[PDB]
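*Asks:* Just dropping in an experimental structure and the matching sequence.
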Amino acid sequence: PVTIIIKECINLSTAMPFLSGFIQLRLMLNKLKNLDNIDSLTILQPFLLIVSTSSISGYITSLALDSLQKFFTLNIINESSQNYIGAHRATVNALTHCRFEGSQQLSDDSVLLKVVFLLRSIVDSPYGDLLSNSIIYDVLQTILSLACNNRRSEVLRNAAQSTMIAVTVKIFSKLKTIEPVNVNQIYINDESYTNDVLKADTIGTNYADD
Amino acid sequence: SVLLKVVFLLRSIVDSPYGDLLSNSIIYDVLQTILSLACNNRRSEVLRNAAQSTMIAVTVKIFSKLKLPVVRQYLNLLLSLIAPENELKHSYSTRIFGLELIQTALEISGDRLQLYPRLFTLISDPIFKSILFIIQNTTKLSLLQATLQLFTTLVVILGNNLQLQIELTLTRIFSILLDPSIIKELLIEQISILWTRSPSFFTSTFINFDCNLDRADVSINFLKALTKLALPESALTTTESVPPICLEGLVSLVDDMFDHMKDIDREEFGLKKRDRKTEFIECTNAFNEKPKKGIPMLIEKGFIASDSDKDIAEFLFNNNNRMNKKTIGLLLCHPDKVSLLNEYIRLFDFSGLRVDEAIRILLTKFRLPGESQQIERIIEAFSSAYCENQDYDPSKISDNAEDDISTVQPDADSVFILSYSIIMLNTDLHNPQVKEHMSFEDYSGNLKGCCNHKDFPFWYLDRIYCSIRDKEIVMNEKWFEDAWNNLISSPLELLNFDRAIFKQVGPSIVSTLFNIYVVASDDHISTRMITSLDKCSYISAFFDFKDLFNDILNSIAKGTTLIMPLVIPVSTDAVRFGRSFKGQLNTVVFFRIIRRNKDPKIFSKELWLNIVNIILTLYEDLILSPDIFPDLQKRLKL
């Protein structure tokens, strides 16, 4: 379990500054034997800083995002890990603010699907139930922006449609567990219909926190 | 888009709980298609990335159930994917994708794989061939990275029982490392996790790998490679990042052995396997030499009952992997041990065995000697041994029985010419230097009138030729082996155990510690370097190691640089102290060693001559105060 964090820190260290957290982590990770009191927000923080930052190239972001997918799919972040809900809040919040830069190898359109798949895995998993309203709203805004935009390829749009039809199930299934508020008193509508609007695209080349 | 849709439907149906109720044959029919989607390159790249993600997910789902024919067929499919037999048809991308796939599949549930035998049989012989073969025969960096990814996972999770197969792989890395420019950097960078993760990997290796008789020595070899890699001269054949990894390995080793050192009593201390292994590995060097003087040396070690030729002949008989074969062949070639020549081959058994299998077995016993006249006696005893082993029945000789050994009753000349003719087949056919191909019919006709002035049974020679033709060679060092190059087909206690590490390796380690501290200019590396040297100095005190515990402080004393007119205490050899940070740093740790030392007798004569200096010269440059014992001064009223 402790292996898989230092492991792939080998892989993502190979990027020849912004990488200093990785060698700091490698010095931190040698003698633990387990994930007990390591402040689990910090152990994912260098990856979050890599994916959130816009200046650096896209290839390192692709490698980091694949590493993050491999992180979650193992289920290394156990429930017993300290402050895990904060870590998942941080990684979703950093995911929704993703940025990109032009690159010759691969394509940004190729690796946006990794963001979509990782978001789908995050929300669909039980871990997604311990998320706040603002970050999930930002996630839905980002996915809807990806779906609506015509600049990207139609296959990625189809992936966006698929994950949205997937995530309606998860968001509305909690509607069964929740109980009705108030005492069924008479209600007068006084809220707007068009106060909100579709957020403009940002991932590409160029009573809420409860 | 329809391919993406069917992939999403497959992921949803297989990840669902109802996916567990799919049949244990249809999953393979699924997997062939949805993995061929990943392998195919002409499709869009985003579709391939979707294929990689959903293969990772379905691999999690299928291998989580292992806690059943589907996984067997699956490992067969990955074996066909990764292994180099099908390298021509498959591309780099599909191969590496399968490689990280099997890495994930083993890593998720590798602990439980020991119990079930069929998967382990499929993972030992054919799978490990792939990761062994890729290291010598690759150029692209990503594939080597992925293979070392998988190999490090095997060592870190499944290194306990998967024991012998660690040997042949692990040596070969040094053959490419100790002996390509970026490949060495990749190897060193990816191997460090091996020592880092497992907490006491070197001690565990010395426990199971070294002191066991059958296995060779790797940990001592590992340190002997690393210490050579430590010096900056290795930067002429490696990148600047390589020495930091090796220094991290060495400092981690000494820090782990110091973390083992927290609370043990020295008086409480005052091997049961390696004690044999010492003289056992010593006698091979005498046998890998002019070995006449080593034979009476062997008897003195309480190994053999008596100096009779039967006992030494039996001794050379049993062991096959130990003695160097060419040296034993040359020993057998000498003409002054003809008694040993007669009696050693007597203990062979040719009952119910053919001559072809006899020669096939016997060529493995020694390399065929390249001498002209010395082989004439052995290639003759080859024939002469066979007369008494097979009991003679002259009244039961006939050609009616086909594929029969009892029918032939050759004399000495018959088996002599048979053996002399059989040896020529490998040079005639298998060797490539003979460009003119010789027909076998002329070779058989050459043997006219040989079976006691008569022809040998032609069916016998025909079957022997049919046997030997099966191993034709085209175009010798090890060019790999179809049979795996292995015979698989055929707190006080731990300190006591690793007591023997330093007596083998320690001088090399302290030499490694020095010669980089001097050249290194940076403060941060140097303070850690000298702290490591302090750790070795403490470790020397528990044990005896007089040479090490003398030489290390002698080197430090020479390194402190203490051995115009003066006036505050200015001196010719005080400004050198102030200007040199290193001179400041060695004195404090040196006098710390002198402080916490326990035994008085351990120091030597010339060290004592050294430490009367330092303090005398510091007096002579008026640095330290003179009244070191004011109590005796007050007692004398002086």
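*Replies:* All right, it came through fine. Numbers count the residues shown, from 1 in each chain, chains lettered A, B, ... in the order given.

*Asks:* number of nearby residues for whatever residue of the stretch 401-550 of chain B ends up closest to chain A?
*Replies:* Among the residues of the stretch 401-550 of chain B, residue B:528 lies closest to chain A, at 11.6 Å counting by CB to the nearest CB. Any C-beta I mention is one placed from the backbone N, CA and C, and that applies to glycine too. Neighbour count for residue B:528, taken as other CB atoms under 10 Å in any protein chain shown: 14.

*Asks:* Give me the spatial nearest neighbour of it, chain neighbours excluded.
*Replies:* residue B:251 (6.8 Å; CB to CB, 6 or more residues apart in numbering or on different chains).

*Asks:* Go ahead and flag the most central residue of chain B.
*Replies:* Nearest residue to the geometric centre of chain B (CA atoms, centre = their mean): residue B:171, 3.3 Å.

*Asks:* Distance check, the residue in the stretch 251-400 of chain B positioned nearest to chain A against residue B:195.
*Replies:* At 7.0 Å from chain A, residue B:252 is the closest residue in the stretch 251-400 of chain B, using CB to the nearest CB. According to CB to CB, to the nearest Å, residue B:252 stands 7 Å off from residue B:195.

*Asks:* now swap in residue B:125 and tell me
*Replies:* Distance from residue B:125 to residue B:195, by CB to CB: 27 Å.

*Asks:* So between those two, which is more surrounded?
*Replies:* Neighbours were counted for residue B:125 and for residue B:195 using other CB under 10 Å; residue B:195 has more, 21 against 14.

*Asks:* Tell me who's in contact with that one.
*Replies:* Taking CB atoms under 8 Å, 6 or more residues apart in numbering or on different chains as the contact definition, residue B:195 lies against B:201-202, B:249, B:252-253.

*Asks:* go again using 6 Å as the cut-off
*Replies:* Residues in contact with residue B:195 (CB atoms under 6 Å, 6 or more residues apart in numbering or on different chains) are B:201, B:249.

*Asks:* if I look at it, how far off is chain A?
*Replies:* Residue B:195 sits 10 Å away from chain A, going by CB to the nearest CB, to the nearest Å.

*Asks:* where does that residue land in three-state SS?
*Replies:* helix (DSSP: H, G, I helix; E, B strand; the rest coil).

*Asks:* ditto for residue B:521
*Replies:* Strictly by three-state DSSP, residue B:521 counts as coil.

*Asks:* Then residue B:406?
*Replies:* Residue B:406 - assigned by three-state DSSP - is coil.

*Asks:* host element of residue A:27?
*Replies:* If you go by DSSP states H and E, residue A:27 is part of helix A:20-28.

*Asks:* after that helix, next one along is what?
*Replies:* helix A:40-52.

*Asks:* just the CA coordinates of that following helix, formatted as CSV?
*Replies:* Presented in CSV, the C-alpha positions along helix A:40-52 are these (Å, rounded to 0.1, in the frame of the first residue of the first chain):
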residue,chain,number,x,y,z
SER,A,40,-3.2,12.7,3.4
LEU,A,41,-4.0,16.0,1.8
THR,A,42,-0.3,16.6,1.4
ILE,A,43,0.5,13.3,-0.2
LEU,A,44,-1.7,14.2,-3.2
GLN,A,45,-0.9,17.9,-3.2
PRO,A,46,2.0,17.8,-5.8
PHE,A,47,-0.2,16.0,-8.3
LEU,A,48,-2.9,18.6,-7.7
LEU,A,49,-0.5,21.5,-8.2
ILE,A,50,0.8,19.8,-11.4
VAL,A,51,-2.7,19.3,-12.9
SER,A,52,-4.1,22.7,-11.8
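
*Asks:* Which residues belonging to that helix are considered buried?
*Replies:* For helix A:40-52, the buried set under the neighbour-count rule, 16 or more other CB atoms under 10 Å in any protein chain shown, comprises A:40-41, A:43-48, A:50-52.

*Asks:* Skipping adjacent residues, who's closest to residue A:37 in space?
*Replies:* Nearest one to residue A:37, counting by CB to CB, 6+ apart, is residue A:82 at 6.4 Å.

*Asks:* That neighbour and residue A:38, how far apart?
*Replies:* Per CB to CB, residue A:82 is found 7 Å from residue A:38.

*Asks:* Please apply the same query to residue B:223.
*Replies:* From residue B:223 to residue A:38 the distance is 31 Å (CB to CB).

*Asks:* Settle it for me: which of the two has more neighbours?
*Replies:* residue B:223 (21 against 18).

*Asks:* Tell me the secondary structure at that one.
*Replies:* Classification of residue B:223 by three-state DSSP places it in helix.

*Asks:* What values do phi and psi take at the residue nearest to it when sequence neighbours are not counted?
*Replies:* Leaving out its chain neighbours, the residue that sits closest to residue B:223 by CB to CB, 6+ apart is residue B:505, at 5.4 Å. Backbone torsions of residue B:505, given as degrees, to the nearest 10, read phi -110, psi -20.

*Asks:* Neighbours of residue B:505, how many?
*Replies:* Summarising burial for residue B:505: neighbours were counted as other CB under 10 Å, giving 16.

*Asks:* Repeat that for residue B:219.
*Replies:* Counted with other CB under 10 Å, residue B:219 comes out at 20.

*Asks:* Packing partners of the longest helix seen in chain A?
*Replies:* Counting by DSSP state H, the longest helix found in chain A is helix A:154-177. Secondary-structure packing of helix A:154-177 (3 or more CB pairs under 6 Å, 6 or more residues apart in numbering or on different chains; DSSP states H and E): helix A:108-124, helix A:133-148, helix B:2-15.

*Asks:* Show which residue of the chain lies farthest from the average position.
*Replies:* Since no chain was named, I'll use chain A. In chain A, residue A:186 marks the outermost C-alpha relative to the chain mean, sitting 40.2 Å out by CA atoms, centre = their mean.

*Asks:* any idea which element it lies in?
*Replies:* Counting by DSSP H and E, residue A:186 is part of no helix or strand.

*Asks:* and it, how far is that from residue B:207?
*Replies:* Note on residue A:186: its distance to residue B:207, by CB to CB, is 79 Å.

*Asks:* count of residues packed around the spatially closest residue to residue B:39 that is not a sequence neighbour?
*Replies:* Once flanking residues are discounted, residue B:39 sits nearest to residue B:94: 3.9 Å by CB to CB, 6+ apart. Counted with other CB under 10 Å, residues neighbouring residue B:94 total 19.

*Asks:* Quick one: classify the closest residue to residue A:133 other than its chain neighbours as helix, strand or coil.
*Replies:* Leaving aside its sequence neighbours, residue A:133 sits nearest to residue A:208 (CB to CB, 6+ apart; 5.1 Å). Assigned state for residue A:208: coil (three-state reduction, three-state DSSP).

*Asks:* what number of residues lie near the residue nearest to residue A:158 when sequence neighbours are not counted?
*Replies:* Nearest residue to residue A:158, sequence neighbours excluded (CB to CB, 6+ apart): residue B:1, at 4.7 Å. By the criterion of other CB under 10 Å, residue B:1 has 14 neighbours.

*Asks:* Please tell me I have it right and residue B:1 contacts residue A:157.
*Replies:* No: contact criterion CB atoms under 6 Å: residue B:1 and residue A:157 do not qualify, at 8.8 Å.

*Asks:* what's the helix or strand for residue B:78?
*Replies:* helix B:69-82.

*Asks:* List the buried residues for that helix?
*Replies:* So, applying 16+ other CB under 10 Å, buried residues of helix B:69-82: B:70-71, B:74-75, B:78-79, B:81-82.
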